[PDB]
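Only one chain is included here, represented as structure tokens and corresponding to the form deposited in one PDB entry.
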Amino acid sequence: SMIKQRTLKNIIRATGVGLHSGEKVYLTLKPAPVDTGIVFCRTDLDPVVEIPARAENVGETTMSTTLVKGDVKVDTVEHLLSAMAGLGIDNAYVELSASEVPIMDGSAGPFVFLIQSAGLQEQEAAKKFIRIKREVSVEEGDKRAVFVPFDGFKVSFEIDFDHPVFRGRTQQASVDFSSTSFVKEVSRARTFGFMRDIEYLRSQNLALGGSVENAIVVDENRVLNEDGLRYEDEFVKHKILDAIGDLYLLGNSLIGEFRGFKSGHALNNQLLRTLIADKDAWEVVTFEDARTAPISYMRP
């Protein structure tokens, strides 16, 4: 059959804390109708404030991707959006009782598990993809983010940390999702930060909730997490996870390839804004036969 839009089959609930705010937050994922997209809702406010997870609503990009509307914000959407992109969720309401998505274990793993436990539901409408037709590149300083045409979905990333835990390590990775599993090889990669910075970050109301329980905490010459890493290249794989979530602010899955060099949330969003504006570089496509498409999804 055609590749169909997907929503949630059952309501999902999670409790956690914001990485940056440290605030306890209740998260509720609900089914939504066709062509809704992913919409965040601050249900602690009355009336609620609803913010579509779209590039035009990105307001701040310091230490996370932040959605803004009116006077209010939804912080740190990127790991949840990465899970939703990886599983092919088109339509959902994401209710939050506070300004920041819970960090969980620092990865997209817990979201992926909660969603796959509830199950997905295909809907009677064709799933829309954005296909890259022309290269689109943005740079600032030594940072670069590029979309190139590609029959599939592929993400590559390079980091370059002048730090003894990173020098001599795997700081480049490329993941082609026709041959590598998002769930198994990307979703569990945790966020990371540096112990040196924590007093400074907290002085700025950043990382107020961060610890070895929800992040890889890197000290001057060692990783502090006594239980170790999930992947030898967990740092760069997390940057790929971040990129997938930031890219999903396009509002549809991509057919194409992303390459990032020291990119971060700010430049990811500048790439999306440039792509959207460069309309002859992309097109919206659907697939009447899942068998012939360049991307495939597991059963809902």
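In case it trips you up, residue 1 is the first one in the sequence shown, and so on. We call the rigid core the largest set of C-alpha positions that still match within 1.5 Å between the two forms.
The same protein also exists as the form deposited in another entry; that form is not shown, yet it is the one meant from here on.
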Which is the one residue in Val138, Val175, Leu120, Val165 whose C-alpha moves 2 Å or more between this form and the one not shown, relative to the superposed rigid core? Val165
Could you check whether the CA atom of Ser97 moves 2 Å or more between this form and the one not shown, using the rigid core for the fit? no
Once both forms sit on the same rigid core, is the C-alpha displacement of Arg202 at or above 2 Å between this form and the one not shown? yes
Cα distance between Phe166 and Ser137, which in that other deposited form differs by 3 Å or more from this form, closer or farther: farther
What direction does the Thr66-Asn205 Cα distance move in that other deposited form compared with the shown chain, closer or farther, given a change of 3 Å or more? farther
